[PDB]
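What follows is the residue order along each chain.
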Amino acid sequence: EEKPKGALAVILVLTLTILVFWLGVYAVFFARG
Amino acid sequence: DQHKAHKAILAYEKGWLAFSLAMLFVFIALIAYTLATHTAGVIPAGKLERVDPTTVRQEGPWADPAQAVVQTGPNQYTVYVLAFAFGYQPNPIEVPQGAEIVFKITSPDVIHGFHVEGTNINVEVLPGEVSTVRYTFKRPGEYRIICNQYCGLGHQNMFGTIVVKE
Amino acid sequence: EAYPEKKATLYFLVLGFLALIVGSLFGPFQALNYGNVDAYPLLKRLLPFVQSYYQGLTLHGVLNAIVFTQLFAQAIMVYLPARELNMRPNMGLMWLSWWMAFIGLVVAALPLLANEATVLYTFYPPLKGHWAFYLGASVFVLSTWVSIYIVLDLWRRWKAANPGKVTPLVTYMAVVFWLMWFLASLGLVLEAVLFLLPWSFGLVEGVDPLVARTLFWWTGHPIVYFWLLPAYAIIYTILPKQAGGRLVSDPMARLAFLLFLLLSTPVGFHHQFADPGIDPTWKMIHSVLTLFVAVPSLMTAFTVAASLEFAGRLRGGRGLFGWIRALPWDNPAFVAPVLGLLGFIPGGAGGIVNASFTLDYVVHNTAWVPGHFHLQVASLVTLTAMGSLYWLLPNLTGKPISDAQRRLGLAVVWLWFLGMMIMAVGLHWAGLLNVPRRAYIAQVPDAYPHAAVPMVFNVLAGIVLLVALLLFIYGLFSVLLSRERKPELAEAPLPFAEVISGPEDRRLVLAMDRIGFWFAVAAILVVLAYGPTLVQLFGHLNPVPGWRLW
Ligand code: HAS
Ligand code: HEM
Ligand code: CUA
Ligand SMILES: [Cu+2]
Ligand SMILES: [Xe]
Ligand SMILES: [Xe]
Ligand SMILES: [Xe]
Ligand SMILES: [Xe]
Ligand SMILES: [Xe]
Ligand SMILES: [Xe]
Ligand SMILES: [Xe]
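Residues numbered from 1 in each chain as written, not as in the entry; some residues may be left out. Chains lettered and ligands numbered in written order. Heavy atoms only, no water.

As recorded in the PDB header, X-ray crystallography is the method behind this entry, and the stated resolution is 3.37 Å.

Given below as structure tokens:
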């Protein structure tokens, strides 16, 4: 039908997870740097 | 319904793939940043440097552990570190803060890890190879080396110590 | 008589599930280890033969991460394209796959059980285990080459019968799946024939450790996609039907597996970011390629989420979260792979950090890694397998599933899922706190005081997954016991998902069907990425004496 509002939010969660993981470790890499 | 959701679905699919290729790009540029700055020292040096492991604590800088800390520049010391059967040589490693400490590590037995707790120094130590990593300890105090590779039964007990002077 | 392929395919599963059952027993004891709790004198009482912590970790690593997953791959990715074509598999060769697999196991097993190959499932030289482990495993892994040929054969056979016609979906998946694996399996095959086997017999006395593990990780990464794609295949081709829905795109599924065929092998240096003697350049090249092989999964995240949504809609999907509660949360063949897919989000997020070269030194060889892949293989791949019984087991046997069996299935899966999550927080956290992996850390209690908080978590997951595991064996050893064969649903076809076709479902789908071309693109990319460095390492080979310290 019209506009997959659910699956968008699904890959939104995934996008937000990937970022926190990636940014979170980039911040830790720099403290140990 | 249905027939309608194949038109709309190849649109969102494309747009999501398009987004992702830039999200990943923005990582690649940031991975590159760390490669250009000073922090890139912890990456092992490429050029092979083989040794004889059985004859390493007799012949070569890994023999006399008092000679481990050797000045090799105006503000750069090299430390010849040995990763053996459940210990590290020397114990401890005394080095000055603010200086470029160039570690050179090898093994007379099996594969061990060199994980200096609180630093980015995490380098695999291989029998017959000289792992060359670079770090500048900014802050004085005691640091602790954990071995992070299964090296036999004593593995869990295999720790080292690095003292950075004041 | 009706279907002899059923028997091999079932026997693959049962033996796979035995391996799981055995390896996983060590799990809870190991989870309690990283909880600073020493349940290992307790383990000795149950199995006197368990000599050391790391003996278990080899067994738990081999049976679960290598054995069970390959057996399951060998069942799913052979049985499905077959039944989909209706054509019969070469049963002469299809029993050659299983028979190599059973003996090869037993040959490899005996050293390990006798504490003779306590070297872990990665077996990095100069760690020198018993010759029979090395041989048996070699044979077990070669069974897939029989499996490769078997599936390649039916493709060649169906290509004759229907000339010009596009390859049926599941077939296409399993063809490029077995092609990629062949091109990847070589690394370990090389390492085993040329280096492990001679060395272990006595033909040579040393091994160059760097190439030993370069050749290992050549195969070390595509092997994990060799465990995953079976689950993916089911998730693409059976789950949408299971949700009471459909598959939103045929090309996007075909594109996924295509991108895996291409990109799953020439990445293996991301395990060797710490390894000495490899140009940083080649690492940054493999770093970008690993992020590329991440694209196909992101694609999967969108095709499957939509499929699920679209299904939920049909069943009375409401608002934003309205379509989720519409999905059949009572059928455990649905519930299991979906909970695994939720867990696949943080695990996939972990996997991307791991691939960012410099950022690896933050987590490499710490507890972070166990926490990462248990959300991948022990969560998604394994829960899908457990779920692919409640729909596939009645198929092969003809035996029905009751109500308290089915309710046991929801209880087992939720507890197994809920345990891996608790364990993830634990290990990840402990990893960032610098706790190493592959360590009997409970023997040294005062050693990591800073991790007293995430340690409790691993204890909590220790008990939880224990209860889950028992509950599971009960369940499995309860369908296989009762004799109530009802051979109607035996003949009743597999729950294949309806697909959506369109006007442009042919252009790209035909472009992708050019397998022979892409396999030679696949072959070029491996050569281009692993060639210069492997050639380099061969020309400076430094073998070092064998060692045993257990
Ligand atoms: C099955 C098994 C595995 C999978 C899958 C897997 C995925 C990845 N891994 Fe990995 N891995 C690494 C990189 C990746 C990357 C980039 C991915 C990617 O393929 C992951 C991409 C995944 C995603 C981008 C997630 C997409 C999300 C999806 C698809 C779910 C959508 C959900 C839906 C649709 C449901 C929603 C439903 C509702 C109802 C709402 C790296 C480094 O680059 C290391 C080395 C670490 C070190 O230094 O030690 C590593 C370490 C390991 C080890 C340790 C081996 C050892 O002992 O040395 C194992 C066993 C393993 C297995 C697996 N790994 N990995
Ligand atoms: C009962 C549930 C399970 C628990 C509690 C558990 C726990 C653990 C823990 C804590 C480790 C890390 C130990 C260490 O590095 O010292 C580990 C290792 C591992 N597990 Fe599991 N596990 C479970 C199930 C599984 C399953 C089903 C699989 C197969 C898909 C699996 C595959 C692996 C692999 C590949 C390793 C790494 C072995 C190595 O480093 O050599 N686990 N397990
Ligand atoms: Cu040295 Cu573990
Ligand atoms: Cu990998
Ligand atoms: Xe092997
Ligand atoms: Xe193995
Ligand atoms: Xe094996
Ligand atoms: Xe192999
Ligand atoms: Xe491997
Ligand atoms: Xe692996
Ligand atoms: Xe392997």
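Draft legend 1. How the structure looks around helix 16 (residues 377–387) of chain C. Burial within helix 16 of chain C is extensive, with 11 of its 11 residues counted as buried. Taken together, the buried positions of helix 16 of chain C are occupied by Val-377, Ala-378, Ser-379, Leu-380, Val-381, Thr-382, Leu-383, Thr-384, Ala-385, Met-386 and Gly-387 of chain C. (Buried < 20%, exposed > 50% of the residue type's maximum accessible area, 1.4 Å probe, protein only. Helix = DSSP H or I, 4+ residues; strand = E, 2+ residues; numbered from the N terminus.)

Draft legend 2. Representation of the nonpolar core. If you look at the biggest cluster of nonpolar residues, it comprises 251 residues, and the most contacted ones within it are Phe-103, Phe-114, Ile-121, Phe-137 and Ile-162 of chain B together with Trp-178 and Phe-257 of chain C. Residue contributions to this core reach at least three from each of two domains, namely domain 1 (1–44) and domain 2 (45–166) of chain B. Apart from the residues within four sequence positions on either side, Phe-137 of chain B is in contact with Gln-97, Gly-98, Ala-99, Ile-101, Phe-103, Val-116, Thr-119, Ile-121, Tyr-143, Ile-162 and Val-164 of chain B. (Core = buried A, V, L, I, M, F, W, Y, C linked by side-chain atoms within 4.5 Å. Domains from an automatic or database assignment. Contact = heavy atoms within 4.5 Å.)

Draft legend 3. Geometry of the UniProt feature "binding site: Cu cation" in chain C. All names here are of chain C. Residues annotated by UniProt as "binding site: Cu cation" correspond here to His-221, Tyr-225, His-270 and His-271. Its location among the elements puts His-221 in the loop between helix 8 (209–220) and helix 9 (222–237). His-221 gets classed as buried once you look at its relative accessible area, which sits at 8%. Aside from chain neighbours lying at most four places away, what touches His-221 is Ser-264, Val-267, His-270, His-271 and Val-293. Summarising the element assignment, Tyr-225 is placed in helix 9. Looking at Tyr-225, the relative accessible area reads 12%, which means it is buried. (UniProt positions renumbered as here; feature names shortened; annotations may be inferred.)

Draft legend 4. Representation of the interface of chain C and chain B. In this complex, chain C contributes 72 residues to the contact, which on the side of chain B involves 59 residues. For the pair chain C and chain B, the two sides together bury roughly 5,700 Å², of which 67% comes from carbon and sulfur. Its largest share of buried area at the contact with chain B, chain C owes to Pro-276, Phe-302 and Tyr-361 of chain C, together 12% of the area lost on that side. In this structure, the connection of chain C to chain B is made through two salt bridges. The salt bridge partner of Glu-124 of chain B is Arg-213 of chain C, with a shortest N-O separation of 3.7 Å. Counting residues per element, the ones that place at least two in the side of chain C that touches chain B are helix 8, helix 12 (280–292), helix 13 (295–314), helix 22 (515–538) and strand 2 (544–545) of chain C. The element that contributes the greatest number of residues to the side of chain C that touches chain B is helix 13 of chain C, accounting for eight residues. In terms of residue class, the side of chain C that touches chain B is made up of 45 nonpolar, 18 polar and nine charged. (Buried area = accessible area lost by both parts, 1.4 Å probe. Salt bridge = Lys/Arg side-chain N within 4 Å of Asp/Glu carboxyl O. Nonpolar A, V, L, I, M, F, W, Y, C, P; charged D, E, K, R; others polar.)

Draft legend 5. Representation of the UniProt feature "binding site: heme a3" in chain C. Residue and element names in this part refer to chain C. With numbering matched to this structure, UniProt assigns "binding site: heme a3" to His-372. Mapping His-372 onto the fold places it in helix 15 (residues 368–373). Looking at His-372, the relative accessible area reads 12%, which means it is buried. Contacts of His-372, omitting those with residues within four sequence positions, involve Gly-347, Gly-350, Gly-351, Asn-354 and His-428. Here the side chain of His-372 touches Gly-347 through a polar contact of 2.8 Å, landing on its backbone oxygen. (Polar contact = N/O pair within 3.5 Å; in protein donor to acceptor, adjacent residues only side chain to side chain.)

Draft legend 6. Spatial organisation of the pairing of strand 10 (residues 159–164) of chain B. Across three bridges, the pairing between strand 4 (residues 93–95) of chain B and strand 10 of chain B is parallel. Residue pairing across strands places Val-95 of chain B opposite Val-164 of chain B, the latter belonging to strand 10 of chain B. (Pairing = 2+ DSSP bridges.)

Draft legend 7. Summary view of the UniProt feature "transmembrane region" in chain B. Under the present numbering, the feature "transmembrane region" in UniProt falls on residues 2–36 of chain B. End-to-end, the C-alpha atoms of residues 2–36 of chain B are 51 Å apart, and along that stretch the chain is 86% helix and 0% strand.

Draft legend 8. Highlighting the coordination of the iron atom of ligand 2. All names here are of chain C. In the first shell of the iron atom of ligand 2, the protein supplies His-60 (NE2) and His-374 (NE2), at 2.1 to 2.2 Å from the metal. Coordination at the iron atom of ligand 2 is octahedral: its six donor atoms span angles of 85 to 178° at the metal. Pair noted here: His-60 is in helix 4 (residues 53–85) and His-374 is in the loop between helix 15 and helix 16, with a separation of 314 residues, a long-range link. (Donors = N, O, S within 2.8 Å, 3.2 Å for Na, K, Ca; no water. Tetrahedral: all angles 85-135°; square planar, octahedral: opposite > 155°, others 65-115°.)

Draft legend 9. Region of interest: the UniProt feature "binding site: Cu cation" in chain B. Here, UniProt's "binding site: Cu cation" annotation points to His-112, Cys-147, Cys-151 and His-155 of chain B. Across 44 residues in sequence, these annotated residues keep their C-alpha atoms within 8.7 Å of one another, forming a single compact spot. Among the structural elements, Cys-147 of chain B can be located in the loop between strand 9 (141–146) and strand 10. Once residues within four sequence positions are removed from consideration, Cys-147 of chain B is found in contact with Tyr-88, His-112, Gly-113, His-155 and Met-158 of chain B together with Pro-436 of chain C. Position of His-155 of chain B among the secondary structure elements: in the loop between strand 9 and strand 10. Contacts of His-155 of chain B, omitting those with residues within four sequence positions, involve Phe-86, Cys-147, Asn-148, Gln-149 and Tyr-150 of chain B together with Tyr-54, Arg-437, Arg-438 and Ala-439 of chain C.

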